[PDB]
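Engineer:
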Amino acid sequence: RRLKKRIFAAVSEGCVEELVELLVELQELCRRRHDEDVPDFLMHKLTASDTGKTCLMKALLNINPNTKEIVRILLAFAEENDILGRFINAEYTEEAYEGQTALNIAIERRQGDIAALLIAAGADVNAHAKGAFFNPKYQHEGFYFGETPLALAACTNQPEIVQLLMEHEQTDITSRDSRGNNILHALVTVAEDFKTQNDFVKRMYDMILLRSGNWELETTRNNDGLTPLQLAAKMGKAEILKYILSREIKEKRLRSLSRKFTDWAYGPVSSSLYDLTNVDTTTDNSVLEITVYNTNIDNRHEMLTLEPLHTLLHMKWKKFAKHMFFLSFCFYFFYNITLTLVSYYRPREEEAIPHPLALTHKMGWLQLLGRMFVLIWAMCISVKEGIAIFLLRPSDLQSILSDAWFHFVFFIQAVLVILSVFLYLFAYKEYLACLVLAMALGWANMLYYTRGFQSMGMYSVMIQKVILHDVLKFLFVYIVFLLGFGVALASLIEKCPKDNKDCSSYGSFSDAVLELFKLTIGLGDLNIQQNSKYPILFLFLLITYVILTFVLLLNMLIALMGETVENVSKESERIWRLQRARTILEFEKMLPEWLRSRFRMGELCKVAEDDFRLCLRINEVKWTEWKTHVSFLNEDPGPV
Amino acid sequence: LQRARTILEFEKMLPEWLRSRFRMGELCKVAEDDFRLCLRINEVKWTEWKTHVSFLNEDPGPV
Ligand SMILES: CCCCCCCC/C=C/CCCCCCCC(=O)O[C@@H](COC(=O)CCCCCCCCCCCCCCC)COP(=O)([O-])OCC[N+](C)(C)C
Ligand SMILES: CCCCCCCC/C=C/CCCCCCCC(=O)O[C@@H](COC(=O)CCCCCCCCCCCCCCC)COP(=O)([O-])OCC[N+](C)(C)C
Ligand SMILES: CCCCCCCC/C=C/CCCCCCCC(=O)O[C@@H](COC(=O)CCCCCCCCCCCCCCC)COP(=O)([O-])OCC[N+](C)(C)C
Ligand SMILES: CCCCCCCC/C=C\CCCCCCCC(=O)O[C@@H](COC(=O)CCCCCCCCCCCCCCC)COP(=O)([O-])OCC[N+](C)(C)C
Ligand SMILES: CCCCCCCC/C=C\CCCCCCCC(=O)O[C@@H](COC(=O)CCCCCCCCCCCCCCC)COP(=O)([O-])OCC[N+](C)(C)C
Ligand SMILES: CCCCCCCC/C=C\CCCCCCCC(=O)O[C@@H](COC(=O)CCCCCCCCCCCCCCC)COP(=O)([O-])OCC[N+](C)(C)C
Ligand SMILES: CCCCCCCC/C=C\CCCCCCCC(=O)O[C@@H](COC(=O)CCCCCCCCCCCCCCC)COP(=O)([O-])OCC[N+](C)(C)C
Ligand SMILES: CCCCCCCC/C=C\CCCCCCCC(=O)O[C@@H](COC(=O)CCCCCCCCCCCCCCC)COP(=O)([O-])OCC[N+](C)(C)C
Ligand code: NA
Ligand code: NA
Ligand code: NA
Ligand code: NA
């Protein structure tokens, strides 16, 4: 084009001597041009007209030893022509970079010196790169950081640029974006575990919060209605949680920005106070509630190890959840005994016209009481579990097994009763089959109530794992052999002579499959003479079945469990507290308002001037790094 | 490894026309007059930051 493409090259390969000669020619064209269409024209020449890109952008996307000199010349040239208000603050247009600017490029490309120049020249420090690349939908579609220059410098570990932007006086640190996320929401979004990144996101989290000096940021809710604290519990960032939930700011004049407070300390003994503002379930969407009910993450059982939550679970147990767990046991325990006895001691003779659970002929005070309590408590589970199964809305398959299995069996156990209670006086005679399943299901379910005890609870966690990792693999392969060798052995058995009808026990498929099952469990006798056409061939398939099943698969099953027990034993305690935590909160959601208030946690403490907060007292003993206790709330240690 | 053997044995059976459409990689210009077939893989690395000087396209992202 004889003006355009010659400049975009000169800024790229580091061509100073050429670039100067190009911009002089760019003036000579304009000395003939009027003094009104200068600014609108110079932009179209230093602009690509399809992407919105300019030459200051192209200069910084291609870094070189002469970048910093190209920036001096171009920004200088913008000054004489009076275009240093839209040239430095130019943005893309296409679809996926809408809002990205030269400052946005300088910060990522790690030119803090050039970034300082652009801000001094009047670069907008509050741009919003809102393009699709800057708001992906699949990580491995792009990169999200919060759309702001301050968030990029923080999310990319550039502390010197992060400090420079905050000191600038127009930097709106409290700015929100398309997702509603401010600077702190975005750091929670990009955080990762320590082996992946480093602890720098935690350090940027501290630096920006202290420099601000208020609770405005952590109080801000995003478009989904979430604070940075709630957002961390949802997305699963334990390292950032452990920082917030136990934050100490020793610097008086910033101590009110804390959540951990040293009430008193005398030597190695200390007493800390943990704020419970939006952690306890007094509010709608608390940290505790997210931690227990978030089925989208796979590290919940690490979260309830954090001290304010862990102590908070233990106290809810000591006060009301332990006692309710004992009552729920007793009502469900006598519930199954009643199902047992109305059934086992039914009127078998007379063809059982006065069905069990009838509420019929006269009375007797055990005959009447029992049959009422069942049909009521049957409906009570069905409604409760009917609601409960509907709320969580099973999305994936790992959740119902890991969070909801016992909820279904009680739904099934309750409906089988009610299915029976219909079929008694209304329809066919299969009511009995539904009632016998209800109790055998009912009695085996009692492993649920083991979880009040740690020892039996951890034991129950391992039963769950060993079934899903070992048994279902085992049962599948065993059946392909059991039915395969079964029909093969049954296919050989001749018709019995009419003299002896019972010439063989493999006379059919169902007969052979049963007898092979008997061998595996060690029950019965084994006669090789079975009226077969090919006896040595008949023995061959049988002994073959023994070697695969008796020698290999059964004993192999024991060996694979030992591998399961070894790996799972290091995690069964924390998974137990997760299931236990779910039990405590479900009890807690049932209690009325007046009974909820008296069992409210924490005591009201004065952590600062006119800042009365509810906190949790936890005592500690520390011997290692002694210090002079300067920060505290009460100089007289001890209670009261 | 066993799975890889299964994939290739299937692959040796397919006809020519059906082999071509399921051909892998996209044709990219890695250098001057050097058009090669390559495989795109995305990565995320946080540890050793640097100024990205060597690349093929200054406009990131697909297309
Ligand atoms: C002041 C006295 C109380 C006043 C009245 C308050 C009434 C409150 C009303 C509560 C709900 C009542 C209706 C039942 C709910 C339906 C569910 C069901 O059938 O089983 C329930 C029976 O387990 C229970 O714990 C409920 C029995 C009443 C609780 C005891 C009173 C409150 C605590 C008193 C303080 C004690 C400490 C005192 C220390 C000073 C729940 O069992 P589950 O196991 O959760 O659910 C089974 C299914 N699952 C296993 C799949 C989850
Ligand atoms: C789950 C994951 C494992 C997947 C592996 C799948 C296996 C893959 C390989 C399979 C090998 C092939 C075998 C089947 C084909 C031949 C059958 C045939 O010829 O006709 C039979 C059809 O079958 C019946 O009638 C079944 C009768 C019950 C016996 C088998 C139950 C075993 C189930 C297992 C236990 C758990 C089941 C749990 C699920 C329900 C005819 O039956 P019969 O005996 O002639 O009846 C009439 C004669 N009589 C009067 C003497 C009775
Ligand atoms: C026990 C074996 C040794 C154990 C160790 C295990 C290792 C060895 C495993 C060996 C596998 C099988 C062993 C079967 C045992 C003999 C059964 C038999 O003889 O049945 C009958 C023959 O019917 C047959 O089917 C004979 C065997 C056919 C060939 C088997 C090998 C596959 C070769 C296929 C070619 C492809 C391969 C080509 C190369 C790539 C006769 O037996 P019977 O009726 O009881 O006899 C009584 C006489 N009566 C009939 C008058 C009543
Ligand atoms: C530990 C593990 C096992 C637990 C299982 C429970 C223990 C064993 C259970 C029973 C003993 C069996 C012997 C026969 C006596 C039955 C009496 C009876 O009530 O029968 C009626 C059912 O009654 C009901 O369904 C009412 C429901 C409430 C009371 C249930 C009784 C046991 C409760 C506390 C149990 C302690 C539990 C622990 C408490 C913390 C109907 O039957 P019947 O025809 O009137 O019966 C006499 C028939 N006979 C003359 C032919 C004999
Ligand atoms: C109405 C029919 C009733 C029949 C039985 C009556 C008699 C009573 C018999 C059995 C009930 C007693 C056994 C369970 C004991 C407590 C739990 C336990 O120990 O661990 C596990 C038991 O493992 C399973 O649930 C695996 C799935 C098959 C189980 C087969 C029995 C029950 C379902 C029958 C099939 C019906 C299907 C029909 C279609 C709906 C817990 O279950 P999970 O969630 O799988 O494990 C989580 C694993 N995790 C730790 C990795 C997260
Ligand atoms: C039919 C099938 C029944 C279902 C299964 C029943 C399970 C098998 C029965 C018993 C197993 C005993 C194993 C030893 C326990 C030691 C470990 C432990 O956690 O101790 C706790 C026990 O103290 C409590 O108060 C918690 C349990 C109370 C609620 C349970 C009620 C329902 C089960 C009633 C069942 C009884 C009737 C059983 C017979 C019908 C200590 O208290 P904590 O407050 O947890 O503090 C933890 C402190 N620690 C960790 C430092 C220790
Ligand atoms: C078929 C005919 C008989 C009936 C059979 C029924 C049998 C069941 C009977 C009764 C119910 C008990 C069920 C088992 C409970 C779990 C055990 C337990 O906690 O062990 C713990 C050992 O440490 C102990 O303290 C266990 C000893 C307490 C029980 C003492 C015997 C009384 C119960 C009667 C039994 C004796 C009399 C025998 C006859 C009944 C190991 O648990 P853990 O998880 O490693 O943690 C523990 C603490 N820790 C963290 C410090 C290490
Ligand atoms: C005799 C009468 C009954 C028939 C018996 C035949 C039984 C077989 C029936 C049917 C075929 C199934 C065969 C087993 C499949 C492999 C297991 C598996 O993947 O285990 C995995 C966990 O467990 C699961 O992933 C399975 C849980 C989901 C399925 C739920 C049950 C439905 C199937 C019906 C069964 C329930 C009802 C019970 C009755 C059928 C463990 O594998 P891993 O290597 O650790 O990796 C996993 C992922 N990971 C990397 C994230 C860890
Ligand atoms: Na045996
Ligand atoms: Na035996
Ligand atoms: Na035996
Ligand atoms: Na071992």
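Protein sequence lines, in the order shown, are assigned to chains A and B. Under the numbering used here, the letters of the first sequence match residues 592 to 1231, in that order. Under the numbering used here, the letters of the second sequence match residues 675 to 737, in that order. From the three backbone atoms N, C-alpha and C, an ideal C-beta is built for every residue, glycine too.
Got a sec: is the Cβ-Cβ distance from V704 of chain B to anything in chain A below 9 Å?
Structural biologist: Position 30 of the second sequence, counted from the start, is the residue given in the question as residue 704 of chain B. Chain A contact via Cβ: absent.
Engineer: Going by beta-carbon coordinates alone, are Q958 of chain A and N876 of chain A separated by less than 9 Å?
Structural biologist: Residue numbering aside, residue 958 of chain A sits at position 367 when the first sequence is read from its first letter. Residue numbering aside, residue 876 of chain A sits at position 285 when the first sequence is read from its first letter. For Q958 of chain A and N876 of chain A, no; Cβs fall outside 9 Å.
Engineer: What does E732 of chain B reach in chain A if we use C-beta pairs closer than 8 Å?
Structural biologist: Residue 732 of chain B sits at position 58 when you count from the first residue of the second sequence. Going along chain A in sequence order, the residues near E732 of chain B (Cβ under 8 Å) are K649, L652 and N653.
Engineer: Between the region 1018-1037 of chain A and the region 1114-1127 of chain A, do three or more beta carbon pairs fall short of 8 Å?
Structural biologist: no
Engineer: Can you tell me whether DSSP reads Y865 of chain A as helix, strand or coil?
Structural biologist: In the first sequence, the residue the question calls residue 865 of chain A occupies position 274. Strand.
Engineer: Assuming residue 580 of chain A contacts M963 of chain A under a Cβ cut-off of 8 Å, what Cβ separation, rounded to an integer in Å, is found between them?
Structural biologist: Here chain A covers residues 592 to 1231 and nothing more, so residue 580 of chain A does not appear.
Engineer: Give me the Cβ distance between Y796 of chain A and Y735 of chain A, rounded to the nearest whole Å; I'm assuming they're in contact under 8 Å.
Structural biologist: Residue 796 of chain A sits at position 205 when you count from the first residue of the first sequence. Residue 735 of chain A sits at position 144 when you count from the first residue of the first sequence. That pair is no contact at about 17 Å.
Engineer: At a threshold of 8 Å, does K907 of chain A count as lining ligand 1 (C-beta to nearest heavy atom)?
Structural biologist: Taking the first residue of the first sequence as position 1, residue 907 of chain A is located at position 316. No - ligand 1 has no heavy atom lying nearer than 8 Å to the Cβ of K907 of chain A.
Engineer: Tell me the rounded alpha-carbon separation between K724 of chain B and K659 of chain A.
Structural biologist: Walking along the second sequence from the start, residue 724 of chain B turns up at place 50. Walking along the first sequence from the start, residue 659 of chain A turns up at place 68. Their backbone Cα atoms lie some 17 Å apart in a straight line.
Engineer: Cβ of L1114 of chain A versus every heavy atom of ligand 9: is any distance shorter than 8 Å?
Structural biologist: For the purposes of this step, residue 1114 of chain A is taken as the residue at position 523 of the first sequence. Remark: the shortest separation between the CB of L1114 of chain A and any heavy atom of ligand 9 falls under 8 Å.
Engineer: Report all residues for which the CB-ligand distance to some heavy atom of ligand 8 is below 7 Å; order them along the chain.
Structural biologist: A:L988, A:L992, A:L1059, A:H1060, A:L1063, A:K1064, A:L1066, A:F1067 and A:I1070
Engineer: Identify the residues that DSSP records as bridge partners of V860 of chain A: which are they?
Structural biologist: Here residue 860 of chain A refers to the residue found at position 269 when the first sequence is read from its first residue. Note: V860 of chain A sits in a beta bridge opposite A:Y857 and A:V1212.
Engineer: Should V662 of chain A be counted as a contact of ligand 5 given a C-beta to heavy atom distance under 8 Å?
Structural biologist: Here the question's residue 662 of chain A lines up with position 71 in the first sequence. For ligand 5, not one heavy atom lies less than 8 Å from the Cβ of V662 of chain A.
Engineer: Under 8 Å, with one C-beta from each stretch per pair, do the region 680-691 of chain A and the region 634-651 of chain A reach the 3-pair mark?
Structural biologist: Yes, they touch.
Engineer: When you compare each of A:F724, A:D763, A:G1113 and A:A1199 to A718 of chain A by their alpha carbons, which one comes out closest?
Structural biologist: Locating residue 718 of chain A in the first sequence gives position 127, counting from the first residue. Nearest of A:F724, A:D763, A:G1113 and A:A1199 to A718 of chain A, Cα basis: A:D763.
Engineer: Near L983 of chain A, what residues of its chain come up, given a Cβ to Cβ distance below 7 Å and the 5 sequence neighbours on each side ignored?
Structural biologist: Here residue 983 of chain A refers to the residue found at position 392 when the first sequence is read from its first residue. The answer, listed in chain order, is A995.
Engineer: Would you kindly work out how many angstroms separate the C-alpha atoms of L1010 of chain A and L918 of chain A, rounded to a whole number?
Structural biologist: Translated into the one-based positions of the first sequence, residue 1010 of chain A becomes position 419. Translated into the one-based positions of the first sequence, residue 918 of chain A becomes position 327. The C-alpha of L918 of chain A is placed about 27 Å away from the C-alpha of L1010 of chain A.
Engineer: Going by C-alpha to C-alpha distance, which of A:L867, A:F632, A:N1122 and A:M1037 sits closest to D1093 of chain A?
Structural biologist: Counted from its first residue, the first sequence places residue 1093 of chain A at position 502. That would be A:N1122, whose Cα lies nearest to the Cα of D1093 of chain A.
Engineer: Within 9 Å (strictly less), CB to CB, does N657 of chain A reach chain B?
Structural biologist: As a working mapping, residue 657 of chain A is identified with position 66 in the first sequence. So no, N657 of chain A is outside the interface.
Engineer: Ligand 6 heavy atoms versus the CB of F920 of chain A: any closer than 8 Å?
Structural biologist: Walking along the first sequence from the start, residue 920 of chain A turns up at place 329. Yes, ligand 6 has a heavy atom inside 8 Å of this Cβ.
Engineer: What does a CB cutoff of less than 7 Å around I1084 of chain A pick up in its chain, not counting 5 residues either side in sequence?
Structural biologist: Start at 1 with the first residue of the first sequence, and residue 1084 of chain A comes out as number 493. Excluding sequence neighbours, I1084 of chain A sits near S1095, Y1097, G1098, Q1121, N1122 and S1123.
Engineer: Could you tell me if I1058 of chain A is buried or exposed, where buried requires 16 or more neighbouring beta carbons within 10 angstroms of its beta carbon?
Structural biologist: As a first step, residue 1058 of chain A is located in the first sequence; it is residue number 467 there, counting from the start. That one is exposed.
Engineer: Using the three-state DSSP reduction, which class does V1198 of chain A fall into: helix, strand or coil?
Structural biologist: On the first sequence, residue 1198 of chain A is found 607 positions in, with the first residue counted as 1. Strand.
Engineer: Classify residue 1234 of chain A as helix, strand or coil using the three-state DSSP reduction.
Structural biologist: This structure does not reach residue 1234 of chain A, given that chain A is present from 592 up to 1231, and the question cannot be answered.
Engineer: Between the alpha carbons of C1206 of chain A and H901 of chain A, how many angstroms are there, rounded?
Structural biologist: Within the first sequence, residue 1206 of chain A is the residue found at index 615, counting from 1. Within the first sequence, residue 901 of chain A is the residue found at index 310, counting from 1. Their backbone Cα atoms lie some 14 Å apart in a straight line.
Engineer: Can you list the residues of chain B that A687 of chain A reaches, using a CB-CB cut of under 8 Å?
Structural biologist: For the purposes of this step, residue 687 of chain A is taken as residue 96 along the first sequence, with counting starting at 1. In chain order: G735.
Engineer: So, under 8 Å CB-CB, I1209 of chain A and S837 of chain A are touching, yes? Tell me the CB distance rounded to an integer number of Å.
Structural biologist: Counting from one through the first sequence, the residue named residue 1209 of chain A turns up at place 618. Counting from one through the first sequence, the residue named residue 837 of chain A turns up at place 246. Between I1209 of chain A and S837 of chain A, the beta carbon gap of about 10 Å keeps them out of contact (Cβ cut-off 8 Å).
Engineer: Hey, could you find the ends of the alpha helix (DSSP H) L948 of chain A is sitting in?
Structural biologist: Counting from 1 along the first sequence, the entry for residue 948 of chain A is found at position 357. Element bounds for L948 of chain A: n/a, residue is neither H nor E.
Engineer: Measuring only the C-alpha atoms, how far is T931 of chain A from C921 of chain A?
Structural biologist: Here residue 931 of chain A refers to the residue found at position 340 when the first sequence is read from its first residue. Here residue 921 of chain A refers to the residue found at position 330 when the first sequence is read from its first residue. The alpha-carbon atoms of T931 of chain A and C921 of chain A are separated by roughly 15 Å.
Engineer: For the pair the region 611-618 of chain A and the region 693-706 of chain B, tell me if three or more CB-CB distances fall below 8 Å.
Structural biologist: no
Engineer: Measuring straight from C-alpha to C-alpha, what distance separates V860 of chain A and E1216 of chain A?
Structural biologist: For the purposes of this step, residue 860 of chain A is taken as residue 269 along the first sequence, with counting starting at 1. For the purposes of this step, residue 1216 of chain A is taken as residue 625 along the first sequence, with counting starting at 1. Approximately 12 Å between the Cα atoms of the pair.
Engineer: Specify the secondary structure class of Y936 of chain A as computed by DSSP and reduced to three states.
Structural biologist: Position 345 of the first sequence, counting from 1, holds the residue named residue 936 of chain A. Three-state result, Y936 of chain A: coil.
Engineer: I think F1223 of chain A touches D854 of chain A, with their Cβ atoms under 8 Å apart; what is that distance to the nearest whole Å?
Structural biologist: As a position in the first sequence, residue 1223 of chain A is number 632, starting the count at 1. As a position in the first sequence, residue 854 of chain A is number 263, starting the count at 1. With 8 Å as the limit, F1223 of chain A and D854 of chain A qualify as a contact, their Cβ atoms being about 7 Å apart.
Engineer: Tell me, which residues are paired with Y1069 of chain A by DSSP?
Structural biologist: Along the first sequence, one-based indexing puts residue 1069 of chain A at 478. DSSP lists no partner for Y1069 of chain A.
Engineer: Quick one: does the C-beta of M1047 of chain A sit closer than 8 Å to a heavy atom of ligand 6?
Structural biologist: Taking the first sequence and counting its residues from 1, the one referred to as residue 1047 of chain A is at position 456. Correct: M1047 of chain A has its Cβ closer than 8 Å to ligand 6.
Engineer: Counting pairs of Cβ atoms below 8 Å between the region 771-785 of chain A and the region 745-761 of chain A, do you hit three or more?
Structural biologist: yes
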